[PDB]
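I have placed the structure first, in the form of structure tokens, so that the comments after it can refer back to it.
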Amino acid sequence: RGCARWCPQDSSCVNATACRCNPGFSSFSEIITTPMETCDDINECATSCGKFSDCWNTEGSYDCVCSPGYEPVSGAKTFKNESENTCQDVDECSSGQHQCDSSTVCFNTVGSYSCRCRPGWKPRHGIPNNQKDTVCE
Ligand SMILES: C[As](C)(=O)[O-]
Ligand SMILES: [Ba+2]
Ligand SMILES: [Ba+2]
């Protein structure tokens with residue numbers, strides 16, 4: 001029809017005297033009729049991203065991301081639903097991404113990894129075996 005100039009932040013005119021929140025935002029009424037009304041971000045993460053992932057809420061949207069220790073097989077850094085989820089555990093030992101001390105051997109775990117002595121070396125004082133910072137002698 002026409003276009004109200006006074007639409008509040010995150011809403012768009014639907015005609016000369018009314019607005020509607022943009023996708024991803026909500027207001028008390030389905031149709032906004034005054035500039036005092038507000039369009040608040042909807043937290044999609046509190047309403048499924050699938051395995052090994054986290055949901056991060058944003059303004060007007062949200063993103064699923066593989067959790068730390070996992071990475072998408074498909075390469076996509078962000079996704080929207082379980083159907084697009086390609087997160088798999090990162091094998092830090094095979095990939096050489098681990099930061100183990102030359103005195104230990106990397107041992108892959110799901111979501112993480114650790115470093116162990118060689119089971120003839122022994123851990124230096126104050127540091128347990130089977131940790132990322134393990135150092136032996
Ligand atoms: C693997 As999840 C989306 O429950 O943090
Ligand atoms: Ba949002
Ligand atoms: Ba792992």
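As shown in the structure tokens, the chain order sets the letters A, B, ...; within each chain, residues go from 1, and ligands are also counted from 1 in the order they appear.
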Long-range neighbours of residue A:74 as a PyMOL selection string, 12 Å cut-off, only C-alpha atoms, 6 positions minimum in chain: chain A and resi 66+83-88
Would you save the residues from that selection as a JSON list (two decimals), in the first residue's frame, using N, CA and C atoms?
[["chain", "number", "residue", "atom", "x", "y", "z"],
["A", 66, "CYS", "N", 30.50, -26.55, 14.49],
["A", 66, "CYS", "CA", 31.04, -27.75, 15.11],
["A", 66, "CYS", "C", 31.72, -27.33, 16.42],
["A", 83, "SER", "N", 20.55, -31.65, 9.35],
["A", 83, "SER", "CA", 20.69, -32.18, 8.00],
["A", 83, "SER", "C", 21.95, -31.66, 7.29],
["A", 84, "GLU", "N", 22.44, -30.49, 7.72],
["A", 84, "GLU", "CA", 23.64, -29.90, 7.12],
["A", 84, "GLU", "C", 24.88, -30.15, 7.99],
["A", 85, "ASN", "N", 24.72, -30.93, 9.05],
["A", 85, "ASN", "CA", 25.82, -31.19, 9.99],
["A", 85, "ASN", "C", 26.83, -32.22, 9.45],
["A", 86, "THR", "N", 28.10, -31.81, 9.31],
["A", 86, "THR", "CA", 29.16, -32.73, 8.87],
["A", 86, "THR", "C", 30.34, -32.75, 9.84],
["A", 87, "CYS", "N", 30.07, -32.41, 11.09],
["A", 87, "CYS", "CA", 31.08, -32.38, 12.15],
["A", 87, "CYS", "C", 31.61, -33.77, 12.50],
["A", 88, "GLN", "N", 32.93, -33.91, 12.46],
["A", 88, "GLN", "CA", 33.59, -35.16, 12.86],
["A", 88, "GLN", "C", 34.74, -34.82, 13.79]]
Report as JSON lines the residues of stretch 49-124 of chain A within 9 Å of stretch 11-29 of chain A, each with its shortest atom pair and distance in Å (one decimal), using only C-alpha atoms, ordered by chain and increasing residue number.
{"residue": "A:59", "atom": "CA", "partner": "A:24", "partner_atom": "CA", "distance": 7.7}
{"residue": "A:60", "atom": "CA", "partner": "A:24", "partner_atom": "CA", "distance": 4.4}
{"residue": "A:61", "atom": "CA", "partner": "A:24", "partner_atom": "CA", "distance": 5.8}
Let me see if you get this right: every residue at most 10 Å from ligand 1, counting only C-alpha atoms and all ligand atoms, written as an MDAnalysis selection string. chainID A and resid 45 48:56 64:67 81:82 87
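Considering the residues A:113, A:137, A:94, A:75 and counting only C-alpha atoms, residue A:125 has its shortest atom-to-atom contact with A:137.
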Once DSSP has gone over the backbone, tell me which residues of chain A are in alpha helix (DSSP H), as a VMD selection string. chain A and resid 92 to 95
In terms of the shortest atom-to-atom distance over only C-alpha atoms and all ligand atoms, which of A:106, A:127, A:39, A:100 is closest to ligand 3? A:106
Pick from A:93, A:42, A:115, A:136 nearest to ligand 3, counting only C-alpha atoms and all ligand atoms: A:93
Write out as a PyMOL selection string all residues of chain A that backbone DSSP assigns to strand (DSSP E). chain A and resi 11-13+19-21+25-26+40-41+53-57+62-66+70-72+87-89+105-108+113-116
Produce a file of the selected residues containing C-alpha atoms, as a compact mmCIF listing (two decimals), in the first residue's frame.
# COMPACT_ATOMS: atom_id res chain seq x y z
CA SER A 11 10.69 -3.80 11.56
CA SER A 12 9.50 -2.82 8.07
CA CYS A 13 6.44 -0.91 6.91
CA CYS A 19 4.79 -2.30 10.43
CA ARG A 20 5.86 -5.88 11.06
CA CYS A 21 9.05 -7.17 12.67
CA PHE A 25 12.48 -10.67 15.57
CA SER A 26 9.27 -10.61 17.55
CA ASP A 40 13.19 -8.12 19.94
CA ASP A 41 15.65 -10.71 18.67
CA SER A 53 27.91 -28.88 17.50
CA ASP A 54 26.94 -25.72 19.33
CA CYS A 55 24.20 -23.19 18.59
CA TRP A 56 25.21 -19.53 18.71
CA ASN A 57 22.46 -16.90 18.75
CA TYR A 62 21.79 -17.92 14.63
CA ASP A 63 24.52 -20.31 13.55
CA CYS A 64 25.30 -23.93 14.31
CA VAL A 65 29.04 -24.59 14.46
CA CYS A 66 31.04 -27.75 15.11
CA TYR A 70 35.42 -31.24 15.81
CA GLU A 71 35.45 -29.87 12.27
CA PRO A 72 33.03 -30.12 9.35
CA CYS A 87 31.08 -32.38 12.15
CA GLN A 88 33.59 -35.16 12.86
CA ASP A 89 36.25 -35.50 15.55
CA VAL A 105 53.31 -39.68 22.24
CA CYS A 106 50.00 -38.12 21.18
CA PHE A 107 46.89 -40.18 21.99
CA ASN A 108 43.67 -39.22 20.22
CA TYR A 113 43.68 -35.67 22.75
CA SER A 114 46.46 -36.19 25.26
CA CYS A 115 50.17 -36.93 25.49
CA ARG A 116 51.60 -40.00 27.22
A:135, A:110, A:117, A:32 ranked by distance to ligand 3, top pick (using only C-alpha atoms and all ligand atoms): A:110
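For the pair atom CA of residue A:73 and atom 1 (Ba, counted along the ligand's line) of ligand 2, the interatomic distance is 25.7 Å.
The coordinates place atom CA of residue A:130 at 11.7 Å from atom CA of residue A:112.
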